Amino acid sequence: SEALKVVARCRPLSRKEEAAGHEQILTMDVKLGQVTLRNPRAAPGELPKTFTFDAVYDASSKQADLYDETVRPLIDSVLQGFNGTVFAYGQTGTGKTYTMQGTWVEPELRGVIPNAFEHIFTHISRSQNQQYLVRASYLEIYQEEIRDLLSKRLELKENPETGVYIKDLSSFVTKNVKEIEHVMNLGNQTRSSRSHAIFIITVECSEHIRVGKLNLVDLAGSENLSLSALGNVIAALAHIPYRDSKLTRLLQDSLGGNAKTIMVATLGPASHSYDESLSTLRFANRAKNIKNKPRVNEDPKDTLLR
Ligand SMILES: Nc1ncnc2c1ncn2[C@@H]1O[C@H](COP(=O)(O)OP(=O)(O)O)[C@@H](O)[C@H]1O
Ligand SMILES: [Mg+2]
C-alpha cells in the first residue's frame, strides 16, 4: 500500500497578464511544500488559503529539479517491474504540456517524457547480464474516442487475467532515445486543450522476466465527460465509477490500484483565475488521500505483439 503523491507547479506571471492589470495571487513556500492563494475579491480580515503537498515548484523551479526529486524514483520503480503513472492536471495555459514534454527540446528545458527516455536508456546501457525490451505507445482520448496517434478509433476491452486493454494499439519497439524520441515526434505531428494525451512506455526485462508500464498523461484543461468522471472517481476514493469514462477505465490501476501514481497539479499565478486555481488545489488536495497497492509484475514467456 502507498499514497498517491501530489505536487504543485506554478508557471511565472506573464508580461501580458501584468499589462492587463492582473496581480499575482499564488505564492509558494518551497521548503514546506506549500501553496497559498489570495482571493482578489476577498473581504477585509480574510486570510488566504494554504494547501500542503509533498513538494511544490514555483516560477524559478527548473525542469531537472522536478524530474530528479519527484519523478526519477517513480521511473526507477518502473525499471524494477512496477507500473507507474504521471499525470498533469490544470487549467489551460498553466503548463501541463511544458511539464510533460517540454516546449523546448534542449536537455535543460525538456519535460518529464524526454527525461524519462534519457533515464531509461542510460540505465539499460549501464545494465549487465540483463536484457530490456522497451516499447512505446501514444494515444489520445477526445470526446471519449480513443485515437491512436501512431497509426484511428480504438475500442476498450476488459479481459479477466490480463485486465483492461486497447484493441489494435500500435506499439513500436525502441532501441534508442533517438528511436523513442521519433515516436513521440510522429505522435505530436498527428495531434489539444480539450483532448487527453497518453504516452505509454513498457519495459520488459529478462535476467526471470519483469514488466513495468509507465503512463505519461497530459489531461484536457480543467477549464468534457472524462474530467468529470475523474472528478467523481477521486471523490469516491478520497462504489468507484471507473466505467463512467474511457479515461477512468484506463487509469483504473493508477487510481486505487496496482500502480505508483504522481499527480502534477499545474497552476497560474494570476488574479484572473482564482476560481480555476482553487478548483485545482482542492482537487489536488483530495487526490493526496488516495491509497494505491503497487505490486511487482511477472511477465509471460509469450509476449508476442505487433
Ligand atoms: N514553468 C514554466 N516556465 C517557463 N514557461 C512556462 C512554464 N510553464 C508553462 N510555460 C509556458 O507557458 C505556456 C503554457 O504552457 P503549456 O504547457 O502549453 O500549458 P497547458 O499545456 O497546460 O495548456 C507555454 O508557452 C509554455 O512554454
Ligand atoms: Mg497543453
# chains A, B, ... in the order shown; residues from 1 in each chain; ligands from 1
$ residues_near_ligand --ligand "ligand 2" --cutoff "12 Å" --atoms "only C-alpha atoms and all ligand atoms" --output "PyMOL selection string"
chain A and resi 88-103+188+191-197+217-222+266
$ write_last_selection --atoms "C-alpha atoms" --output "CSV table (one decimal), in the first residue's frame"
chain,number,residue,atom,x,y,z
A,88,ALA,CA,-0.7,16.7,-15.3
A,89,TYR,CA,-4.0,18.3,-14.1
A,90,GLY,CA,-4.6,22.0,-14.5
A,91,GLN,CA,-6.2,25.0,-16.3
A,92,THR,CA,-5.3,25.5,-20.0
A,93,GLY,CA,-2.2,27.7,-20.3
A,94,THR,CA,-0.8,26.7,-16.8
A,95,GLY,CA,2.0,24.3,-18.1
A,96,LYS,CA,0.6,20.7,-18.3
A,97,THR,CA,2.5,20.3,-21.7
A,98,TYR,CA,5.6,22.2,-20.6
A,99,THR,CA,5.8,19.9,-17.6
A,100,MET,CA,5.2,16.6,-19.5
A,101,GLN,CA,7.0,17.1,-22.8
A,102,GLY,CA,8.6,20.5,-22.6
A,103,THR,CA,8.0,23.2,-25.2
A,188,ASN,CA,2.8,15.1,-31.9
A,191,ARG,CA,-2.1,15.9,-33.0
A,192,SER,CA,-5.3,19.9,-27.8
A,193,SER,CA,-6.6,21.8,-24.7
A,194,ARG,CA,-9.8,19.7,-25.0
A,195,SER,CA,-8.1,16.3,-25.5
A,196,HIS,CA,-6.2,14.0,-23.2
A,197,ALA,CA,-2.8,12.7,-24.4
A,217,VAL,CA,-0.7,11.5,-19.2
A,218,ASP,CA,-1.3,15.2,-20.3
A,219,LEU,CA,-5.0,15.8,-19.4
A,220,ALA,CA,-7.5,18.2,-21.0
A,221,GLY,CA,-7.6,21.6,-19.3
A,222,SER,CA,-9.7,21.7,-16.2
A,266,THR,CA,-0.3,22.8,-12.6
$ residues_around --residues "residue 48 (chain A)" --least-positions-apart "3" --cutoff "7 Å" --atoms "only C-alpha atoms" --output "VMD selection string"
chain A and resid 36 to 39
$ write_last_selection --atoms "C-alpha atoms" --output "JSON list (two decimals), in the first residue's frame"
[["chain", "number", "residue", "atom", "x", "y", "z"],
["A", 36, "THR", "CA", -1.07, 29.98, -0.72],
["A", 37, "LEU", "CA", -3.90, 31.64, -2.67],
["A", 38, "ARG", "CA", -5.14, 35.21, -2.15],
["A", 39, "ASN", "CA", -8.73, 35.90, -3.10]]
$ residues_around --residues "residue 108 (chain A)" --least-positions-apart "2" --cutoff "8 Å" --atoms "only C-alpha atoms" --output "VMD selection string"
chain A and resid 62 to 64 106 110
$ write_last_selection --atoms "N, CA, C and O atoms" --output "mmCIF file, in the first residue's frame"
data_model
loop_
_atom_site.group_PDB
_atom_site.id
_atom_site.type_symbol
_atom_site.label_atom_id
_atom_site.label_comp_id
_atom_site.auth_asym_id
_atom_site.auth_seq_id
_atom_site.Cartn_x
_atom_site.Cartn_y
_atom_site.Cartn_z
ATOM 1 N N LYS A 62 13.434 24.653 -11.917
ATOM 2 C CA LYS A 62 13.907 24.136 -13.219
ATOM 3 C C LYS A 62 13.382 22.727 -13.504
ATOM 4 O O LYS A 62 12.980 22.002 -12.586
ATOM 5 N N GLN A 63 13.382 22.354 -14.786
ATOM 6 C CA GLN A 63 12.857 21.060 -15.231
ATOM 7 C C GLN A 63 13.604 19.880 -14.597
ATOM 8 O O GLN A 63 12.977 18.890 -14.249
ATOM 9 N N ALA A 64 14.927 19.965 -14.459
ATOM 10 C CA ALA A 64 15.694 18.848 -13.845
ATOM 11 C C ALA A 64 15.317 18.625 -12.369
ATOM 12 O O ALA A 64 15.286 17.477 -11.902
ATOM 13 N N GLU A 106 15.923 21.107 -25.785
ATOM 14 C CA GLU A 106 17.264 21.136 -25.129
ATOM 15 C C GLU A 106 17.269 20.430 -23.768
ATOM 16 O O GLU A 106 16.314 20.557 -23.013
ATOM 17 N N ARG A 110 13.781 20.258 -21.462
ATOM 18 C CA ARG A 110 12.890 19.086 -21.660
ATOM 19 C C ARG A 110 11.916 18.845 -20.483
ATOM 20 O O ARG A 110 12.211 19.177 -19.358
#
$ closest_residue --among "A:17, A:84, A:268, A:225" --to "ligand 1" --atoms "only C-alpha atoms and all ligand atoms"
A:268
$ atom_distance --atom1 "CA of residue 224 (chain A)" --atom2 "CA of residue 257 (chain A)"
24.1 Å
$ residues_around --residues "residue 6 (chain A)" --least-positions-apart "2" --cutoff "8 Å" --atoms "only C-alpha atoms" --output "PyMOL selection string"
chain A and resi 4+8+53-55+262-265+284-285+287-288
$ residues_around --residues "residue 172 (chain A)" --least-positions-apart "2" --cutoff "8 Å" --atoms "only C-alpha atoms" --output "short mmCIF file (atom, residue, chain, number, x, y, z; two decimals) with N, CA, C and O atoms, in the first residue's frame"
data_model
loop_
_atom_site.label_atom_id
_atom_site.label_comp_id
_atom_site.auth_asym_id
_atom_site.auth_seq_id
_atom_site.Cartn_x
_atom_site.Cartn_y
_atom_site.Cartn_z
N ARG A 135 9.02 -0.71 -25.32
CA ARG A 135 8.01 -0.41 -26.35
C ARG A 135 7.27 0.86 -25.99
O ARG A 135 7.03 1.14 -24.81
N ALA A 136 6.83 1.61 -26.99
CA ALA A 136 6.17 2.89 -26.74
C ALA A 136 4.85 2.97 -27.49
O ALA A 136 4.79 2.58 -28.66
N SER A 137 3.81 3.44 -26.81
CA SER A 137 2.53 3.74 -27.45
C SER A 137 2.06 5.16 -27.12
O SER A 137 2.41 5.73 -26.08
N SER A 170 -1.11 0.26 -31.70
CA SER A 170 0.24 0.10 -32.22
C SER A 170 1.23 0.37 -31.09
O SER A 170 0.92 1.08 -30.14
N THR A 174 11.72 0.18 -29.34
CA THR A 174 12.64 1.32 -29.37
C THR A 174 13.99 0.97 -28.70
O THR A 174 14.06 0.83 -27.49
N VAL A 183 9.19 8.44 -32.17
CA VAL A 183 7.82 8.02 -31.94
C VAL A 183 6.99 9.18 -31.38
O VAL A 183 5.91 9.47 -31.89
#
$ select_by_dssp --residues "region 164-279 of chain A" --states "strand (DSSP E)" --output "ChimeraX atom specification"
/A:164-166,172-173,196-206,209-218,260-267
$ atom_distance --atom1 "atom 21 (O, counted along the ligand's line) of ligand 1" --atom2 "CA of residue 252 (chain A)"
23.4 Å
$ select_by_dssp --residues "region 68-161 of chain A" --states "helix (DSSP H, G or I)" --output "ChimeraX atom specification"
/A:68-79,96-100,112-126
$ write_last_selection --atoms "C-alpha atoms" --output "PDB file, in the first residue's frame"
ATOM      1  CA  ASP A  68      15.214  14.303 -10.122  1.00  0.00           C
ATOM      2  CA  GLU A  69      13.229  14.991  -6.964  1.00  0.00           C
ATOM      3  CA  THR A  70       9.661  13.829  -7.740  1.00  0.00           C
ATOM      4  CA  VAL A  71       9.631  11.639 -10.871  1.00  0.00           C
ATOM      5  CA  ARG A  72      13.032   9.924 -11.154  1.00  0.00           C
ATOM      6  CA  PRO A  73      12.241   7.474  -8.306  1.00  0.00           C
ATOM      7  CA  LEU A  74       8.904   6.588  -9.965  1.00  0.00           C
ATOM      8  CA  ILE A  75      10.764   5.626 -13.134  1.00  0.00           C
ATOM      9  CA  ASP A  76      13.368   3.589 -11.219  1.00  0.00           C
ATOM     10  CA  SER A  77      10.458   1.555  -9.808  1.00  0.00           C
ATOM     11  CA  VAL A  78       9.106   1.074 -13.367  1.00  0.00           C
ATOM     12  CA  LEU A  79      12.573  -0.270 -14.240  1.00  0.00           C
ATOM     13  CA  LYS A  96       0.636  20.739 -18.348  1.00  0.00           C
ATOM     14  CA  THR A  97       2.469  20.265 -21.659  1.00  0.00           C
ATOM     15  CA  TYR A  98       5.569  22.220 -20.574  1.00  0.00           C
ATOM     16  CA  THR A  99       5.785  19.868 -17.620  1.00  0.00           C
ATOM     17  CA  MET A 100       5.150  16.600 -19.511  1.00  0.00           C
ATOM     18  CA  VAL A 112       9.279  14.591 -17.929  1.00  0.00           C
ATOM     19  CA  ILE A 113       8.719  12.412 -21.042  1.00  0.00           C
ATOM     20  CA  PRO A 114      12.020  13.162 -22.837  1.00  0.00           C
ATOM     21  CA  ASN A 115      13.907  12.921 -19.477  1.00  0.00           C
ATOM     22  CA  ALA A 116      12.295   9.580 -18.726  1.00  0.00           C
ATOM     23  CA  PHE A 117      13.756   8.408 -22.145  1.00  0.00           C
ATOM     24  CA  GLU A 118      17.274   9.635 -21.178  1.00  0.00           C
ATOM     25  CA  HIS A 119      16.915   7.983 -17.769  1.00  0.00           C
ATOM     26  CA  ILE A 120      15.563   4.658 -19.062  1.00  0.00           C
ATOM     27  CA  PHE A 121      18.191   4.061 -21.768  1.00  0.00           C
ATOM     28  CA  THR A 122      21.125   5.240 -19.652  1.00  0.00           C
ATOM     29  CA  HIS A 123      20.061   2.663 -17.042  1.00  0.00           C
ATOM     30  CA  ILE A 124      19.710  -0.046 -19.735  1.00  0.00           C
ATOM     31  CA  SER A 125      23.158   0.578 -21.172  1.00  0.00           C
ATOM     32  CA  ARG A 126      24.712   0.670 -17.671  1.00  0.00           C
TER      33      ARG A 126
END
$ closest_residue --among "A:40, A:107, A:269, A:160" --to "ligand 1" --atoms "only C-alpha atoms and all ligand atoms"
A:269
